[PDB]
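Consider the single chain below, provided in structure tokens and representing the form deposited without guanosine-5',3'-tetraphosphate (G4P).
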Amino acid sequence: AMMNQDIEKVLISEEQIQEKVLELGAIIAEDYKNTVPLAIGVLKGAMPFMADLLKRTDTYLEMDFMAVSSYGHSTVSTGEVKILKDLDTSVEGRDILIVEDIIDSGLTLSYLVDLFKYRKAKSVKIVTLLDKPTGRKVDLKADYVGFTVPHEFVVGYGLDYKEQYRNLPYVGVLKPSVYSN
């Protein structure tokens, strides 16, 4: 109730998230019943969603994580990013499931998707909590989507504003007074 002061609107409630997580986890568990997928999230934003989704995914799976950084101009036009932490294990022959917080332009995510394909993954799919198709600067459709949202000015449940608000249990929109700081 302390950080809710700064939230103008609760876009996706905790109750909604946990309901959708249960639905998606069961779907994913059924689709991957015949393989042991490698579920990977990109730090930092996807961590809260990845924790909830996977522990409601009742099937055998492995986890891993990547960390990336922007190259600046090149990242905004092509999605190319600097690998700060590569996967612990090889991608070849694995069924990859990328767990993402939001897809807006989709440039960086497309860059990583096709990188894993270059590394000869058996398959690559995406489950994203939020989808903003309005902002696509490349053709990328997620295979599982939690909620479609109109804009990217969202915080909470992993999403930050200047590294804060990631620890909200829901997705919200900040009061404009926050952007003045």
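Residues carry their position along the shown sequence, with the first being 1.
Beyond the structure shown, there is the form deposited with guanosine-5',3'-tetraphosphate (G4P) bound, which is absent from this document and is the topic of what follows.
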Exactly one of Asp114, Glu152, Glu62, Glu30 comes within 4.5 Å of guanosine-5',3'-tetraphosphate (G4P) in the bound PDB entry through a heavy atom, and that residue is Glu152
Exercise: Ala26 in contact with guanosine-5',3'-tetraphosphate (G4P) in the bound PDB entry, heavy atom 4.5 Å
no
Counting only non-hydrogen atoms and a 4.5 angstroms cut-off, does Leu159 reach guanosine-5',3'-tetraphosphate (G4P) in the bound PDB entry?
yes
guanosine-5',3'-tetraphosphate (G4P) contact in the bound PDB entry: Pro133, any heavy atom under 4.5 Å:
no
Is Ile102 close enough to touch guanosine-5',3'-tetraphosphate (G4P) in the bound PDB entry, meaning at least one heavy atom pair within 4.5 Å?
yes
May I ask you to list the residues of 44 to 73 that have any heavy atom within 4.5 angstroms of guanosine-5',3'-tetraphosphate (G4P) in the bound PDB entry, in sequence order?
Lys44, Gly45
